[PDB]
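What follows is a short report on a single structure.
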Amino acid sequence: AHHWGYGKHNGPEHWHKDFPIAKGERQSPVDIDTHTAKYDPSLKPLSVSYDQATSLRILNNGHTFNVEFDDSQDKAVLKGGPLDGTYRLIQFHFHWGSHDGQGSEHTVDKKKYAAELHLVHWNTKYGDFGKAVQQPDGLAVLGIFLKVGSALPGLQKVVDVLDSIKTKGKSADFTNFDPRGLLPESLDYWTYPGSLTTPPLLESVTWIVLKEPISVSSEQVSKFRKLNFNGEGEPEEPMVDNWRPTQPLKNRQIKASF
Ligand SMILES: [Zn+2]
Ligand SMILES: [Zn+2]
């Protein structure tokens with residue numbers, strides 16, 4: 001019965017009990033202090049190759065909704081920037097709040113955005129995601145802030161299908177979705193070494209967080225809130241505030257690409 005979540009007795013403040021790495025040296029998310037985050041002119045340009053991205057399904061895993069990608073080959077791929085080698089896109093998901101004033105995981109000078117998008121990639125030095133997720137150089141997550149304003153057309157295909165995966169365990173067919181519609185024009189970014197922001201909280205993530213947010217409408221985000229954490233036949237719990245508070249930076253340095 002007990003499973004990790006975002007509630008009072010299974011949430012971020014409780015995770016350390018069943019996942020002691022929650023209190024580790026490289027935990028995510030962090031606050032991005034733009035005064036101390038010093039620029040690095042050695043950082044190579046970021047390369048985002050999503051032209052042949054091949055989506056498979058959209059699903060409710062009880063924590064968020066995931067858009068899964070075909071990672072059998074080097075289709076949609078992230079290279080450059082702080083990354084050694086090639087990282088294959090496997091899935092994307094969001095974090096959001098109960099209201100437009102909170103919802104992001106990272107903060108920028110303690111500012112919270114309405115939501116955060118995470119594009120998850122794993123390093124082809126390893127055989128698959130299951131092997132990479134255990135290694136400090138295993139994953140690269142591209143983090144993108146959402147701010148409420150203009151409706152994003154590239155998000156509409158996602159929003160129009162959320163009613164078919166309202167509850168945990170539902171996974172719908174979802175092909176030919178273009179993740180490039182979810183990117184801002186500028187790819188300037190901050191980067192630091194970190195972790196998964198959910199259990200198992202493994203410290204295997206090179207974080208790449210873009211400075212430019214994308215704009216969504218209040219209506220699009222409010223559709224996110226119509227999802228439920230629970231499965232069919234369980235008490236309803238709206239899926240809201242599925243974000244982790246920021247964690248101590250400890251000895252890490254956030255580097256700017258710009
Ligand atoms: Zn627990
Ligand atoms: Zn995430």
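Labels for the structure tokens follow display order: chains A, B, ..., residues from 1 in each chain, ligands from 1.
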
message = Taking only C-alpha atoms and all ligand atoms into account, list the residues no farther than 8 Å from ligand 1, as a PyMOL selection string.
response = chain A and resi 2-4+9-11+14-19

Selection file, N, CA, C and O atoms, as a PDB file, in the first residue's frame:
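Everything below was put into result28.pdb:
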```pdb
ATOM      1  N   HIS A   2       1.786   1.388   0.950  1.00  0.00           N
ATOM      2  CA  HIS A   2       2.612   2.590   1.003  1.00  0.00           C
ATOM      3  C   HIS A   2       3.502   2.702  -0.232  1.00  0.00           C
ATOM      4  O   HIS A   2       4.237   1.767  -0.579  1.00  0.00           O
ATOM      5  N   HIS A   3       3.431   3.857  -0.890  1.00  0.00           N
ATOM      6  CA  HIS A   3       4.265   4.145  -2.043  1.00  0.00           C
ATOM      7  C   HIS A   3       4.609   5.624  -2.006  1.00  0.00           C
ATOM      8  O   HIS A   3       3.825   6.440  -1.511  1.00  0.00           O
ATOM      9  N   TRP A   4       5.790   5.957  -2.521  1.00  0.00           N
ATOM     10  CA  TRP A   4       6.241   7.342  -2.493  1.00  0.00           C
ATOM     11  C   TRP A   4       5.305   8.231  -3.300  1.00  0.00           C
ATOM     12  O   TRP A   4       4.616   7.782  -4.225  1.00  0.00           O
ATOM     13  N   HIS A   9       2.644  12.215   4.189  1.00  0.00           N
ATOM     14  CA  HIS A   9       3.404  11.096   4.736  1.00  0.00           C
ATOM     15  C   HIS A   9       4.063  10.249   3.666  1.00  0.00           C
ATOM     16  O   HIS A   9       4.556   9.153   3.974  1.00  0.00           O
ATOM     17  N   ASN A  10       4.086  10.709   2.417  1.00  0.00           N
ATOM     18  CA  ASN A  10       4.913   9.992   1.458  1.00  0.00           C
ATOM     19  C   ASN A  10       5.688  10.942   0.559  1.00  0.00           C
ATOM     20  O   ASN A  10       6.209  10.507  -0.483  1.00  0.00           O
ATOM     21  N   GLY A  11       5.815  12.214   0.951  1.00  0.00           N
ATOM     22  CA  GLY A  11       6.312  13.249   0.076  1.00  0.00           C
ATOM     23  C   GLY A  11       7.787  13.566   0.243  1.00  0.00           C
ATOM     24  O   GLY A  11       8.516  12.879   0.965  1.00  0.00           O
ATOM     25  N   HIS A  14       9.625  13.209   3.436  1.00  0.00           N
ATOM     26  CA  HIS A  14       9.624  11.865   4.010  1.00  0.00           C
ATOM     27  C   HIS A  14      10.541  10.895   3.269  1.00  0.00           C
ATOM     28  O   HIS A  14      10.996   9.907   3.881  1.00  0.00           O
ATOM     29  N   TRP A  15      10.792  11.144   1.977  1.00  0.00           N
ATOM     30  CA  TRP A  15      11.553  10.195   1.114  1.00  0.00           C
ATOM     31  C   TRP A  15      12.843   9.668   1.755  1.00  0.00           C
ATOM     32  O   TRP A  15      13.132   8.469   1.566  1.00  0.00           O
ATOM     33  N   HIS A  16      13.592  10.512   2.464  1.00  0.00           N
ATOM     34  CA  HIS A  16      14.908  10.092   3.023  1.00  0.00           C
ATOM     35  C   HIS A  16      14.782   8.756   3.767  1.00  0.00           C
ATOM     36  O   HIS A  16      15.747   7.973   3.760  1.00  0.00           O
ATOM     37  N   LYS A  17      13.634   8.510   4.402  1.00  0.00           N
ATOM     38  CA  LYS A  17      13.431   7.259   5.176  1.00  0.00           C
ATOM     39  C   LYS A  17      13.619   6.035   4.268  1.00  0.00           C
ATOM     40  O   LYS A  17      14.461   5.177   4.604  1.00  0.00           O
ATOM     41  N   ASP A  18      12.869   5.962   3.166  1.00  0.00           N
ATOM     42  CA  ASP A  18      12.935   4.796   2.290  1.00  0.00           C
ATOM     43  C   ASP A  18      13.960   4.930   1.178  1.00  0.00           C
ATOM     44  O   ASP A  18      14.187   3.960   0.438  1.00  0.00           O
ATOM     45  N   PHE A  19      14.591   6.089   1.060  1.00  0.00           N
ATOM     46  CA  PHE A  19      15.580   6.356   0.020  1.00  0.00           C
ATOM     47  C   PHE A  19      16.586   7.314   0.638  1.00  0.00           C
ATOM     48  O   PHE A  19      16.534   8.530   0.404  1.00  0.00           O
TER      49      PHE A  19
END
```

Write out as an mmCIF file with C-alpha atoms, in the first residue's frame all residues of stretch 81-185 of chain A that DSSP puts in helix (DSSP H, G or I) for this structure's backbone.
```cif
data_model
loop_
_atom_site.group_PDB
_atom_site.id
_atom_site.type_symbol
_atom_site.label_atom_id
_atom_site.label_comp_id
_atom_site.auth_asym_id
_atom_site.auth_seq_id
_atom_site.Cartn_x
_atom_site.Cartn_y
_atom_site.Cartn_z
ATOM 1 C CA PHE A 129 18.388 3.246 -19.453
ATOM 2 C CA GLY A 130 18.418 0.639 -16.689
ATOM 3 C CA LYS A 131 22.210 0.445 -16.789
ATOM 4 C CA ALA A 132 22.799 4.179 -17.255
ATOM 5 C CA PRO A 153 0.546 25.142 -30.076
ATOM 6 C CA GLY A 154 3.227 22.480 -29.670
ATOM 7 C CA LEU A 155 1.622 21.415 -26.394
ATOM 8 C CA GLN A 156 -1.919 21.051 -27.731
ATOM 9 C CA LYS A 157 -1.600 17.458 -28.982
ATOM 10 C CA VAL A 158 -0.537 16.492 -25.437
ATOM 11 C CA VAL A 159 -3.329 18.449 -23.724
ATOM 12 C CA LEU A 162 -4.818 13.900 -21.118
ATOM 13 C CA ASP A 163 -8.453 12.939 -20.513
ATOM 14 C CA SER A 164 -7.703 9.386 -21.696
ATOM 15 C CA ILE A 165 -5.023 8.793 -19.010
ATOM 16 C CA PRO A 179 9.164 17.469 -29.003
ATOM 17 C CA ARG A 180 10.840 20.362 -30.837
ATOM 18 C CA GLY A 181 7.583 22.280 -30.410
ATOM 19 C CA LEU A 182 8.431 22.288 -26.683
#
```

For the contact check between chain A and ligand 2, emit one row per residue of chain A within 10 Å, containing the shortest atom pair and the distance in Å rounded to one decimal, counting only C-alpha atoms and all ligand atoms, chain then rising number order, as JSON lines.
```
{"residue": "A:28", "atom": "CA", "partner": "ligand 2", "partner_atom_place_in_ligand_line": "1 (Zn)", "distance": 9.8}
{"residue": "A:29", "atom": "CA", "partner": "ligand 2", "partner_atom_place_in_ligand_line": "1 (Zn)", "distance": 9.3}
{"residue": "A:63", "atom": "CA", "partner": "ligand 2", "partner_atom_place_in_ligand_line": "1 (Zn)", "distance": 9.7}
{"residue": "A:64", "atom": "CA", "partner": "ligand 2", "partner_atom_place_in_ligand_line": "1 (Zn)", "distance": 8.5}
{"residue": "A:66", "atom": "CA", "partner": "ligand 2", "partner_atom_place_in_ligand_line": "1 (Zn)", "distance": 9.5}
{"residue": "A:92", "atom": "CA", "partner": "ligand 2", "partner_atom_place_in_ligand_line": "1 (Zn)", "distance": 8.0}
{"residue": "A:93", "atom": "CA", "partner": "ligand 2", "partner_atom_place_in_ligand_line": "1 (Zn)", "distance": 6.2}
{"residue": "A:94", "atom": "CA", "partner": "ligand 2", "partner_atom_place_in_ligand_line": "1 (Zn)", "distance": 6.1}
{"residue": "A:95", "atom": "CA", "partner": "ligand 2", "partner_atom_place_in_ligand_line": "1 (Zn)", "distance": 6.3}
{"residue": "A:104", "atom": "CA", "partner": "ligand 2", "partner_atom_place_in_ligand_line": "1 (Zn)", "distance": 9.5}
{"residue": "A:105", "atom": "CA", "partner": "ligand 2", "partner_atom_place_in_ligand_line": "1 (Zn)", "distance": 8.0}
{"residue": "A:116", "atom": "CA", "partner": "ligand 2", "partner_atom_place_in_ligand_line": "1 (Zn)", "distance": 7.6}
{"residue": "A:117", "atom": "CA", "partner": "ligand 2", "partner_atom_place_in_ligand_line": "1 (Zn)", "distance": 6.9}
{"residue": "A:118", "atom": "CA", "partner": "ligand 2", "partner_atom_place_in_ligand_line": "1 (Zn)", "distance": 5.0}
{"residue": "A:119", "atom": "CA", "partner": "ligand 2", "partner_atom_place_in_ligand_line": "1 (Zn)", "distance": 8.0}
{"residue": "A:120", "atom": "CA", "partner": "ligand 2", "partner_atom_place_in_ligand_line": "1 (Zn)", "distance": 8.1}
{"residue": "A:141", "atom": "CA", "partner": "ligand 2", "partner_atom_place_in_ligand_line": "1 (Zn)", "distance": 8.2}
{"residue": "A:142", "atom": "CA", "partner": "ligand 2", "partner_atom_place_in_ligand_line": "1 (Zn)", "distance": 9.5}
{"residue": "A:143", "atom": "CA", "partner": "ligand 2", "partner_atom_place_in_ligand_line": "1 (Zn)", "distance": 8.1}
{"residue": "A:196", "atom": "CA", "partner": "ligand 2", "partner_atom_place_in_ligand_line": "1 (Zn)", "distance": 7.2}
{"residue": "A:197", "atom": "CA", "partner": "ligand 2", "partner_atom_place_in_ligand_line": "1 (Zn)", "distance": 6.1}
{"residue": "A:198", "atom": "CA", "partner": "ligand 2", "partner_atom_place_in_ligand_line": "1 (Zn)", "distance": 7.2}
{"residue": "A:242", "atom": "CA", "partner": "ligand 2", "partner_atom_place_in_ligand_line": "1 (Zn)", "distance": 9.1}
{"residue": "A:243", "atom": "CA", "partner": "ligand 2", "partner_atom_place_in_ligand_line": "1 (Zn)", "distance": 7.9}
{"residue": "A:244", "atom": "CA", "partner": "ligand 2", "partner_atom_place_in_ligand_line": "1 (Zn)", "distance": 9.1}
```

inquiry  = Report as a list in words all protein, DNA and RNA residues lying within 10 Å of residue A:73, evaluated on only C-alpha atoms, omitting residues in the same chain fewer than 4 positions from it.
reply    =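 Selected residues are residues 77, 88, 89 and 124 of chain A.
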
request  = Please return as a ChimeraX atom specification: the residues of stretch 23-190 of chain A that backbone DSSP assigns to strand (DSSP E).
outcome  = /A:31-32,46-49,55-60,65-69,77-80,87-96,107-108,115-123,139-148,171-173,189-190

query = For residue A:98, which residue out of A:257, A:222, A:86, A:217 is the nearest one, using only C-alpha atoms?
reply =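 Closest to residue A:98 of all the choices is A:222.
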
request  = Find the spatial neighbours of stretch 58-60 of chain A, counting only C-alpha atoms, within a cut-off of 7 Å - ignore same-chain residues fewer than 5 positions away - and output them as an MDAnalysis selection string.
outcome  = chainID A and resid 65:68 165 167:174

Please produce a file of the residues just selected, as an mmCIF file, in the first residue's frame, where the atoms kept are N, CA and C atoms.
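Once everything was written out, this is again_22.cif:
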```cif
data_model
loop_
_atom_site.group_PDB
_atom_site.id
_atom_site.type_symbol
_atom_site.label_atom_id
_atom_site.label_comp_id
_atom_site.auth_asym_id
_atom_site.auth_seq_id
_atom_site.Cartn_x
_atom_site.Cartn_y
_atom_site.Cartn_z
ATOM 1 N N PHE A 65 2.634 12.630 -15.861
ATOM 2 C CA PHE A 65 2.433 11.923 -17.122
ATOM 3 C C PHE A 65 3.736 11.967 -17.918
ATOM 4 N N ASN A 66 4.043 10.851 -18.575
ATOM 5 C CA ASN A 66 5.250 10.636 -19.364
ATOM 6 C C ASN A 66 4.855 10.458 -20.827
ATOM 7 N N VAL A 67 5.584 11.109 -21.732
ATOM 8 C CA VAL A 67 5.557 10.778 -23.155
ATOM 9 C C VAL A 67 6.800 9.941 -23.431
ATOM 10 N N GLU A 68 6.582 8.664 -23.773
ATOM 11 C CA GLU A 68 7.665 7.711 -24.013
ATOM 12 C C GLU A 68 8.151 7.819 -25.442
ATOM 13 N N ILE A 165 -5.988 9.367 -19.943
ATOM 14 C CA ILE A 165 -5.023 8.793 -19.010
ATOM 15 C C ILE A 165 -5.189 9.494 -17.664
ATOM 16 N N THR A 167 -6.037 8.500 -14.720
ATOM 17 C CA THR A 167 -5.698 7.786 -13.493
ATOM 18 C C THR A 167 -4.450 6.929 -13.686
ATOM 19 N N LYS A 168 -3.787 6.612 -12.561
ATOM 20 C CA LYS A 168 -2.560 5.818 -12.588
ATOM 21 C C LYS A 168 -2.781 4.490 -13.304
ATOM 22 N N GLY A 169 -1.794 4.090 -14.097
ATOM 23 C CA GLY A 169 -1.831 2.830 -14.789
ATOM 24 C C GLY A 169 -2.281 2.904 -16.228
ATOM 25 N N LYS A 170 -2.871 4.018 -16.659
ATOM 26 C CA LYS A 170 -3.364 4.151 -18.030
ATOM 27 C C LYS A 170 -2.235 4.640 -18.933
ATOM 28 N N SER A 171 -2.091 4.007 -20.098
ATOM 29 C CA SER A 171 -1.065 4.308 -21.092
ATOM 30 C C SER A 171 -1.710 4.254 -22.464
ATOM 31 N N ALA A 172 -1.750 5.400 -23.154
ATOM 32 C CA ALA A 172 -2.396 5.548 -24.449
ATOM 33 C C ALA A 172 -1.383 5.663 -25.585
ATOM 34 N N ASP A 173 -1.782 5.141 -26.735
ATOM 35 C CA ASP A 173 -1.000 5.304 -27.946
ATOM 36 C C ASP A 173 -0.812 6.786 -28.238
ATOM 37 N N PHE A 174 0.397 7.161 -28.664
ATOM 38 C CA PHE A 174 0.725 8.583 -28.831
ATOM 39 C C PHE A 174 1.928 8.695 -29.765
#
```

ask   = Quick one: distance from atom CA of residue A:251 to atom CA of residue A:193 in Å, one decimal?
value =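 So the answer is 10.4 Å.
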
Spatial neighbours of residue A:218, 9 Å, only C-alpha atoms, chain gap at least 6 places, as number ranges by chain = A: 100, 148-151

Go ahead and dump the residues you just picked, N, CA, C and O atoms, as a PDB file, in the first residue's frame.
```pdb
ATOM      1  N   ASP A 100      -0.824  28.830 -10.499  1.00  0.00           N
ATOM      2  CA  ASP A 100       0.197  29.265 -11.455  1.00  0.00           C
ATOM      3  C   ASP A 100       1.466  29.794 -10.802  1.00  0.00           C
ATOM      4  O   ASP A 100       2.489  29.904 -11.489  1.00  0.00           O
ATOM      5  N   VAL A 148       3.071  31.025 -17.397  1.00  0.00           N
ATOM      6  CA  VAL A 148       1.683  31.189 -17.925  1.00  0.00           C
ATOM      7  C   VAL A 148       1.626  32.470 -18.772  1.00  0.00           C
ATOM      8  O   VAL A 148       2.133  33.513 -18.305  1.00  0.00           O
ATOM      9  N   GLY A 149       1.047  32.381 -19.971  1.00  0.00           N
ATOM     10  CA  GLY A 149       0.942  33.551 -20.862  1.00  0.00           C
ATOM     11  C   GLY A 149       0.218  33.190 -22.143  1.00  0.00           C
ATOM     12  O   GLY A 149      -1.029  33.148 -22.125  1.00  0.00           O
ATOM     13  N   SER A 150       0.969  32.943 -23.218  1.00  0.00           N
ATOM     14  CA  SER A 150       0.360  32.599 -24.529  1.00  0.00           C
ATOM     15  C   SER A 150       0.223  31.076 -24.661  1.00  0.00           C
ATOM     16  O   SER A 150       1.145  30.361 -24.222  1.00  0.00           O
ATOM     17  N   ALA A 151      -0.879  30.608 -25.252  1.00  0.00           N
ATOM     18  CA  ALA A 151      -1.065  29.155 -25.475  1.00  0.00           C
ATOM     19  C   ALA A 151       0.046  28.632 -26.386  1.00  0.00           C
ATOM     20  O   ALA A 151       0.368  29.306 -27.387  1.00  0.00           O
TER      21      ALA A 151
END
```

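When only C-alpha atoms are used to measure the gap to residue A:78, the shortest distance among A:123, A:246, A:175, A:102 belongs to A:123.
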
request  = Go ahead and compute the interatomic distance for atom CA of residue A:110 and atom CA of residue A:195, in Å to one decimal.
outcome  =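 Straight-line distance from atom CA of residue A:110 to atom CA of residue A:195 works out to 19.4 Å.
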
task = Find the spatial neighbours of stretch 35-43 of chain A, counting only C-alpha atoms, within a cut-off of 9 Å - ignore same-chain residues fewer than 6 positions away - and output them as JSON, numbers by chain.
result = {"A": [80, 81, 82, 109, 190, 253, 254, 255, 256, 257, 258]}

Go ahead and save the residues from that selection, with N, CA and C atoms, as a JSON list (two decimals), in the first residue's frame.
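Final file, out01.json:
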```json
[["chain", "number", "residue", "atom", "x", "y", "z"],
["A", 80, "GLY", "N", 26.91, 17.51, -26.97],
["A", 80, "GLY", "CA", 27.57, 18.78, -26.81],
["A", 80, "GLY", "C", 27.37, 19.32, -25.41],
["A", 81, "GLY", "N", 27.48, 20.64, -25.29],
["A", 81, "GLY", "CA", 27.39, 21.28, -24.00],
["A", 81, "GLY", "C", 28.36, 20.68, -23.01],
["A", 82, "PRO", "N", 27.87, 20.27, -21.84],
["A", 82, "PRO", "CA", 28.74, 19.60, -20.86],
["A", 82, "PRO", "C", 28.89, 18.10, -21.04],
["A", 109, "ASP", "N", 17.00, 32.50, -8.88],
["A", 109, "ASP", "CA", 17.00, 33.53, -7.84],
["A", 109, "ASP", "C", 15.74, 33.42, -6.98],
["A", 190, "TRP", "N", 22.10, 26.70, -17.95],
["A", 190, "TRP", "CA", 22.93, 26.39, -16.79],
["A", 190, "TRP", "C", 23.11, 24.88, -16.65],
["A", 253, "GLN", "N", 29.16, 23.39, -8.43],
["A", 253, "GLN", "CA", 29.16, 24.73, -9.07],
["A", 253, "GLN", "C", 28.21, 24.70, -10.28],
["A", 254, "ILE", "N", 27.30, 25.66, -10.37],
["A", 254, "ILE", "CA", 26.40, 25.75, -11.55],
["A", 254, "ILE", "C", 27.11, 26.59, -12.61],
["A", 255, "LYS", "N", 27.33, 26.03, -13.80],
["A", 255, "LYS", "CA", 28.07, 26.75, -14.87],
["A", 255, "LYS", "C", 27.07, 27.31, -15.89],
["A", 256, "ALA", "N", 27.31, 28.53, -16.36],
["A", 256, "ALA", "CA", 26.46, 29.14, -17.37],
["A", 256, "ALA", "C", 27.10, 29.03, -18.75],
["A", 257, "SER", "N", 26.27, 28.78, -19.76],
["A", 257, "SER", "CA", 26.72, 28.72, -21.15],
["A", 257, "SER", "C", 26.75, 30.08, -21.82],
["A", 258, "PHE", "N", 26.23, 31.12, -21.16],
["A", 258, "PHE", "CA", 26.04, 32.43, -21.77],
["A", 258, "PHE", "C", 26.61, 33.56, -20.90]]
```

message = When you count only C-alpha atoms, which of these residues is closest to residue A:145: A:97, A:103, A:213, A:199?
response =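 Closest candidate: A:213.
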